[PDB]
>>> print(open('target-v3.cif').read())   # mmCIF, C-alpha atoms
data_protein
loop_
_atom_site.label_atom_id
_atom_site.label_comp_id
_atom_site.auth_asym_id
_atom_site.auth_seq_id
_atom_site.Cartn_x
_atom_site.Cartn_y
_atom_site.Cartn_z
CA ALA T 1 45.12 -1.61 10.77
CA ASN T 2 41.65 -1.92 9.06
CA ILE T 3 39.52 1.21 9.56
CA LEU T 4 35.80 0.82 9.97
CA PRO T 5 34.43 4.07 8.50
CA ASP T 6 31.60 6.20 9.91
CA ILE T 7 28.48 6.81 7.82
CA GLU T 8 29.56 10.35 6.77
CA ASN T 9 33.07 9.36 5.64
CA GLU T 10 33.28 10.70 2.09
CA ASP T 11 35.36 7.82 0.76
CA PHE T 12 33.01 5.27 2.31
CA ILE T 13 30.01 6.96 0.64
CA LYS T 14 31.85 7.09 -2.75
CA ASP T 15 32.83 3.45 -2.50
CA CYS T 16 29.30 2.28 -1.64
CA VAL T 17 27.74 4.23 -4.52
CA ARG T 18 30.41 3.58 -7.16
CA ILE T 19 30.63 -0.14 -6.48
CA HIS T 20 26.82 -0.62 -6.54
CA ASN T 21 26.68 1.27 -9.84
CA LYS T 22 29.55 -0.67 -11.37
CA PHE T 23 27.68 -3.95 -10.76
CA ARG T 24 24.38 -2.40 -12.01
CA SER T 25 26.20 -1.13 -15.19
CA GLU T 26 27.68 -4.45 -16.05
CA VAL T 27 24.78 -6.88 -15.66
CA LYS T 28 24.17 -9.77 -18.04
CA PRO T 29 21.64 -10.06 -19.47
CA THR T 30 21.65 -6.27 -20.13
CA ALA T 31 18.97 -4.24 -18.34
CA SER T 32 16.59 -1.80 -20.07
CA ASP T 33 15.52 0.02 -16.88
CA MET T 34 18.43 0.01 -14.41
CA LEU T 35 18.30 3.28 -12.39
CA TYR T 36 21.50 5.09 -11.39
CA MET T 37 21.96 4.67 -7.65
CA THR T 38 22.93 7.55 -5.29
CA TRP T 39 23.59 7.94 -1.61
CA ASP T 40 20.86 8.79 0.87
CA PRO T 41 22.08 9.89 4.28
CA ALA T 42 18.67 9.11 5.85
CA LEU T 43 19.06 5.53 4.66
CA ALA T 44 22.60 5.45 6.08
CA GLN T 45 21.25 6.61 9.52
CA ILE T 46 18.67 3.86 9.34
CA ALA T 47 21.40 1.29 8.55
CA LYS T 48 23.59 2.70 11.36
CA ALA T 49 20.79 2.30 13.97
CA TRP T 50 19.98 -1.28 12.94
CA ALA T 51 23.69 -2.38 12.47
CA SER T 52 24.27 -1.17 16.10
CA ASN T 53 22.11 -4.14 17.24
CA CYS T 54 24.68 -6.62 15.94
CA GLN T 55 22.06 -9.13 14.72
CA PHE T 56 22.29 -11.21 11.60
CA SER T 57 18.55 -10.60 10.83
CA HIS T 58 16.48 -8.04 9.02
CA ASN T 59 15.51 -4.69 10.51
CA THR T 60 11.95 -5.32 11.75
CA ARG T 61 10.72 -1.88 10.65
CA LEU T 62 11.42 -2.03 6.87
CA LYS T 63 7.72 -2.46 5.86
CA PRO T 64 4.27 -1.06 6.67
CA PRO T 65 3.00 -0.27 9.22
CA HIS T 66 6.47 1.18 9.88
CA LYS T 67 7.86 3.96 7.71
CA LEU T 68 11.40 4.80 8.63
CA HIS T 69 12.17 7.01 5.60
CA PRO T 70 9.45 9.58 4.72
CA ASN T 71 9.85 9.05 0.93
CA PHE T 72 9.65 5.22 0.66
CA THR T 73 6.84 2.88 1.51
CA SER T 74 9.09 -0.17 1.80
CA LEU T 75 12.86 -0.39 2.30
CA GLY T 76 15.22 -3.12 1.12
CA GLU T 77 18.21 -4.38 3.09
CA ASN T 78 21.44 -6.30 2.48
CA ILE T 79 23.60 -7.49 5.43
CA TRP T 80 27.19 -8.74 5.39
CA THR T 81 28.98 -9.97 8.53
CA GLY T 82 32.61 -11.11 8.70
CA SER T 83 36.00 -10.41 10.29
CA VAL T 84 37.38 -6.87 10.64
CA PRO T 85 40.55 -7.63 8.54
CA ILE T 86 38.47 -8.96 5.59
CA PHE T 87 35.86 -6.17 5.63
CA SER T 88 35.80 -3.50 2.87
CA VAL T 89 32.88 -1.98 1.00
CA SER T 90 34.24 -3.63 -2.12
CA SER T 91 34.48 -7.15 -0.53
CA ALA T 92 31.05 -6.99 1.11
CA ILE T 93 29.18 -5.76 -2.01
CA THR T 94 31.08 -8.14 -4.26
CA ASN T 95 30.14 -10.99 -1.89
CA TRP T 96 26.46 -9.92 -2.34
CA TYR T 97 26.72 -9.67 -6.14
CA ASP T 98 28.64 -12.97 -6.52
CA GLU T 99 25.48 -14.86 -5.44
CA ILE T 100 24.72 -14.45 -9.16
CA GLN T 101 26.64 -17.73 -9.54
CA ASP T 102 23.66 -19.42 -7.88
CA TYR T 103 20.89 -17.49 -9.70
CA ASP T 104 19.43 -18.58 -13.04
CA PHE T 105 18.05 -15.39 -14.69
CA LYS T 106 15.63 -17.18 -17.10
CA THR T 107 13.82 -19.11 -14.39
CA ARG T 108 14.63 -16.95 -11.29
CA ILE T 109 15.78 -20.23 -9.68
CA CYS T 110 18.23 -19.70 -6.83
CA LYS T 111 20.40 -22.73 -5.89
CA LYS T 112 21.37 -21.26 -2.53
CA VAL T 113 21.05 -17.61 -1.39
CA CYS T 114 20.45 -14.94 -4.08
CA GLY T 115 18.52 -12.15 -2.45
CA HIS T 116 21.65 -9.97 -1.84
CA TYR T 117 22.49 -10.11 -5.52
CA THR T 118 18.93 -9.31 -6.64
CA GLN T 119 18.71 -6.29 -4.32
CA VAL T 120 22.11 -4.95 -5.58
CA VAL T 121 20.84 -5.03 -9.21
CA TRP T 122 17.21 -4.16 -8.41
CA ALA T 123 16.45 -1.74 -11.30
CA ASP T 124 13.75 0.30 -9.44
CA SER T 125 15.91 0.85 -6.33
CA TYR T 126 17.82 4.16 -6.74
CA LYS T 127 18.88 5.27 -3.25
CA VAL T 128 21.25 3.47 -0.96
CA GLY T 129 22.72 4.20 2.48
CA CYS T 130 25.11 1.85 4.44
CA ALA T 131 26.87 1.63 7.82
CA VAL T 132 29.38 -0.79 9.36
CA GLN T 133 29.37 -1.54 13.06
CA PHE T 134 32.05 -3.17 15.23
CA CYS T 135 30.34 -6.13 16.93
CA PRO T 136 31.92 -8.15 19.79
CA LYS T 137 29.34 -10.90 18.88
CA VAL T 138 26.65 -10.98 16.17
CA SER T 139 23.44 -12.95 17.04
CA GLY T 140 23.04 -15.79 14.62
CA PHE T 141 26.84 -16.49 14.60
CA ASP T 142 28.20 -18.52 17.41
CA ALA T 143 31.96 -18.56 16.56
CA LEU T 144 32.46 -15.04 15.19
CA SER T 145 33.91 -12.51 17.58
CA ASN T 146 34.97 -8.85 17.13
CA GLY T 147 33.40 -8.72 13.69
CA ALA T 148 32.42 -6.08 11.13
CA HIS T 149 28.62 -5.96 10.55
CA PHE T 150 27.76 -4.01 7.38
CA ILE T 151 24.23 -3.06 6.42
CA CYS T 152 22.89 -1.23 3.33
CA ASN T 153 19.31 -0.10 3.01
CA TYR T 154 17.67 0.54 -0.39
CA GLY T 155 14.85 2.86 -1.46
CA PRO T 156 12.42 1.80 -2.78
CA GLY T 157 13.01 -1.76 -1.53
CA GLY T 158 13.30 -4.56 -4.07
CA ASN T 159 13.09 -8.38 -3.84
CA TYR T 160 9.51 -8.64 -5.02
CA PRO T 161 8.75 -12.11 -6.59
CA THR T 162 9.82 -11.04 -10.07
CA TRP T 163 13.08 -10.44 -12.10
CA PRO T 164 15.29 -7.74 -10.49
CA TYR T 165 15.32 -5.75 -13.76
CA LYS T 166 13.69 -5.86 -17.20
CA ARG T 167 16.12 -7.67 -19.50
CA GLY T 168 16.61 -5.72 -22.70
CA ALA T 169 18.84 -3.32 -24.61
CA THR T 170 20.59 -1.05 -22.11
CA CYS T 171 18.66 2.13 -21.23
CA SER T 172 15.83 1.32 -23.64
CA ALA T 173 13.14 1.49 -20.97
CA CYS T 174 14.29 4.31 -18.72
CA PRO T 175 11.59 6.40 -16.97
CA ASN T 176 10.14 9.41 -18.79
CA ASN T 177 12.83 11.05 -20.78
CA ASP T 178 15.81 9.99 -18.68
CA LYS T 179 19.26 10.02 -20.29
CA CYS T 180 21.75 7.11 -19.94
CA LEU T 181 25.16 7.06 -18.29
CA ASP T 182 27.23 3.88 -18.25
CA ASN T 183 24.09 1.75 -18.93
CA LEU T 184 22.16 3.46 -16.11
CA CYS T 185 19.06 5.69 -16.30
CA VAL T 186 19.97 9.13 -14.77
CA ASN T 187 17.65 11.96 -13.64
CA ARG T 188 18.76 15.24 -12.06
CA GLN T 189 15.81 15.14 -9.58
CA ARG T 190 16.23 11.53 -8.44
CA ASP T 191 19.99 11.82 -8.36
CA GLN T 192 20.50 14.94 -6.18
CA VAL T 193 21.82 14.12 -2.60
#
>>> encode(input="target-v3.cif", output="C-alpha cells")
Amino acid sequence: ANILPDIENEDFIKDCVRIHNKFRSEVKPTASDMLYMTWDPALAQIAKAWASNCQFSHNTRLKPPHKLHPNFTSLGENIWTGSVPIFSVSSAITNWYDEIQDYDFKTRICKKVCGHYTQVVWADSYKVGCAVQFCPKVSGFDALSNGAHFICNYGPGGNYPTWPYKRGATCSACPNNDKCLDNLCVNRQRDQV
C-alpha cells in the first residue's frame, strides 16, 4: 500500500523541498535571512548510503576530517524512523518541525529534543537531499520491525550553538542583493540543481 520512494523520484524530491520551504517561510518570529532551500542529488546519495545502515545515529562522516560533499565543509542531518504505514515526507518533516513546541526562541532553551526543528529552519542551510530505507530492524529501537528510516542531509550543516536564523523583518538581511520569494532569500546561482 505505502510506497517508499527512491531518491530520484520526482514527487519525492518536490515534496522534500516544498515542505522544508513551507516551514522556513512560515517561521515565527519572522526570519531576516532564511535562504530558499533546493534539492541536491549528491546530498540525497549521501543520505541513501547512510540510511542503508538502518541505525538511529548520526552518519559518522558529516564533519572534518571527512568531506562527503565537495562543496560543504560540514553537513547537517535529520533522521526520522517509524512504521511504513505512517511514513510520508510530510509526516516526517512535520514531526521534525513540531519540536518547536519544546523550543523557546528567546532563550534557545529546549525542553526535550529540538535539533530536528532547528536544522529544518536553519537559515544558512540551503541544500537538502533525503532518502528513505526499508529496515527490518533499526539499531537503537528494540521493538520496531519492518520500519521506514528517513534521512535528510543539509548543506552547509546547521545546529551551531546559536539561533537557527536571525529574527527580524522577513528578507531584510538576505545575502548580497538577493530577492525574496515567500519570505525566503533566492539566488539563481545557489538555487540551480
>>> closest_residue(input="target-v3.cif", among="T:130, T:72, T:114, T:150", to="residue T:92", atoms="all atoms listed in the file")
T:150
>>> closest_residue(input="target-v3.cif", among="T:134, T:126, T:117, T:97", to="residue T:146", atoms="all atoms listed in the file")
T:134
>>> residues_around(input="target-v3.cif", residues="residue T:166", least_positions_apart="3", cutoff="7 Å", atoms="only C-alpha atoms", output="PyMOL selection string")
chain T and resi 31-33+163
>>> closest_residue(input="target-v3.cif", among="T:188, T:18, T:167, T:179", to="residue T:106", atoms="all atoms listed in the file")
T:167
>>> resolve_selection(input="target-v3.cif", expression="the PyMOL selection byres ((chain T and resi 51-60) around 6)", output="list in words")
residues 47, 48, 49, 50, 61, 62, 133, 135, 138, 139 and 140 of chain T
>>> residues_around(input="target-v3.cif", residues="stretch 73-78 of chain T", least_positions_apart="3", cutoff="9 Å", atoms="only C-alpha atoms", output="ChimeraX atom specification")
/T:43,47,58-59,61-64,66-70,93,96,115-117,119-120,125,150-159
>>> residues_near_point(input="target-v3.cif", point="(31.4, -8.3, -5.4)", cutoff="12 Å", atoms="all atoms listed in the file", output="list in words")
residues 16, 19, 20, 21, 22, 23, 24, 26, 80, 88, 89, 90, 91, 92, 93, 94, 95, 96, 97, 98, 99, 100, 101, 116, 117, 120 and 121 of chain T
>>> atom_distance(input="target-v3.cif", atom1="atom CA of residue T:124", atom2="atom CA of residue T:180")
14.9 Å
>>> atom_distance(input="target-v3.cif", atom1="atom CA of residue T:84", atom2="atom CA of residue T:148")
5.0 Å
>>> atom_distance(input="target-v3.cif", atom1="atom CA of residue T:142", atom2="atom CA of residue T:44")
27.1 Å
>>> residues_around(input="target-v3.cif", residues="residue T:25", least_positions_apart="6", cutoff="8 Å", atoms="all atoms listed in the file", output="PyMOL selection string")
chain T and resi 34+182-184
>>> residues_around(input="target-v3.cif", residues="residue T:40", least_positions_apart="5", cutoff="6 Å", atoms="all atoms listed in the file", output="number ranges by chain")
T: 127-129
>>> build_atoms(input="target-v3.cif", residues="stretch 77-104 of chain T", atoms="N, CA and C atoms", output="compact mmCIF listing (two decimals), keeping the file's coordinate frame")
# COMPACT_ATOMS: atom_id res chain seq x y z
N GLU T 77 17.10 -4.26 2.13
CA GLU T 77 18.21 -4.38 3.09
C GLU T 77 19.12 -5.53 2.66
N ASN T 78 20.43 -5.25 2.62
CA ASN T 78 21.44 -6.30 2.48
C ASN T 78 22.36 -6.25 3.72
N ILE T 79 22.70 -7.42 4.27
CA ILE T 79 23.60 -7.49 5.43
C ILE T 79 24.80 -8.38 5.07
N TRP T 80 25.98 -7.93 5.47
CA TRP T 80 27.19 -8.74 5.39
C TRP T 80 27.85 -8.71 6.77
N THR T 81 28.37 -9.87 7.21
CA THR T 81 28.98 -9.97 8.53
C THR T 81 30.22 -10.81 8.35
N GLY T 82 31.32 -10.35 8.89
CA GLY T 82 32.61 -11.11 8.70
C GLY T 82 33.66 -10.49 9.60
N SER T 83 34.93 -10.88 9.42
CA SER T 83 36.00 -10.41 10.29
C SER T 83 36.37 -8.97 9.95
N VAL T 84 36.98 -8.26 10.93
CA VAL T 84 37.38 -6.87 10.64
C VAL T 84 38.47 -6.84 9.52
N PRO T 85 39.50 -7.73 9.59
CA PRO T 85 40.55 -7.63 8.54
C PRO T 85 40.00 -7.82 7.14
N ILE T 86 38.98 -8.68 6.96
CA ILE T 86 38.47 -8.96 5.59
C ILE T 86 37.49 -7.87 5.11
N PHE T 87 36.84 -7.19 6.04
CA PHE T 87 35.86 -6.17 5.63
C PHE T 87 36.45 -5.07 4.69
N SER T 88 35.76 -4.83 3.56
CA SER T 88 35.80 -3.50 2.87
C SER T 88 34.46 -3.37 2.21
N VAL T 89 34.12 -2.18 1.79
CA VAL T 89 32.88 -1.98 1.00
C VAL T 89 32.93 -2.81 -0.25
N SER T 90 34.10 -2.83 -0.95
CA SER T 90 34.24 -3.63 -2.12
C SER T 90 33.99 -5.14 -1.82
N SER T 91 34.64 -5.71 -0.79
CA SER T 91 34.48 -7.15 -0.53
C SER T 91 33.05 -7.51 -0.15
N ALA T 92 32.43 -6.69 0.69
CA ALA T 92 31.05 -6.99 1.11
C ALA T 92 30.10 -6.92 -0.11
N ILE T 93 30.15 -5.82 -0.90
CA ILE T 93 29.18 -5.76 -2.01
C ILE T 93 29.48 -6.83 -3.07
N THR T 94 30.77 -7.15 -3.26
CA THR T 94 31.08 -8.14 -4.26
C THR T 94 30.53 -9.50 -3.77
N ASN T 95 30.67 -9.77 -2.46
CA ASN T 95 30.14 -10.99 -1.89
C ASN T 95 28.59 -11.09 -2.10
N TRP T 96 27.86 -9.97 -1.91
CA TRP T 96 26.46 -9.92 -2.34
C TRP T 96 26.23 -10.23 -3.84
N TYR T 97 26.89 -9.47 -4.70
CA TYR T 97 26.72 -9.67 -6.14
C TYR T 97 27.07 -11.11 -6.59
N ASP T 98 28.16 -11.68 -6.06
CA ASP T 98 28.64 -12.97 -6.52
C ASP T 98 27.65 -14.10 -6.27
N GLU T 99 26.56 -13.84 -5.51
CA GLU T 99 25.48 -14.86 -5.44
C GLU T 99 24.87 -15.09 -6.83
N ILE T 100 25.13 -14.18 -7.76
CA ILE T 100 24.72 -14.45 -9.16
C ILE T 100 25.11 -15.83 -9.65
N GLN T 101 26.23 -16.34 -9.16
CA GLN T 101 26.64 -17.73 -9.54
C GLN T 101 25.61 -18.75 -9.21
N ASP T 102 24.73 -18.44 -8.27
CA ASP T 102 23.66 -19.42 -7.88
C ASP T 102 22.27 -19.05 -8.38
N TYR T 103 22.19 -18.04 -9.25
CA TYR T 103 20.89 -17.49 -9.70
C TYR T 103 20.75 -17.79 -11.20
N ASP T 104 19.67 -18.42 -11.63
CA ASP T 104 19.43 -18.58 -13.04
C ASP T 104 18.43 -17.50 -13.54
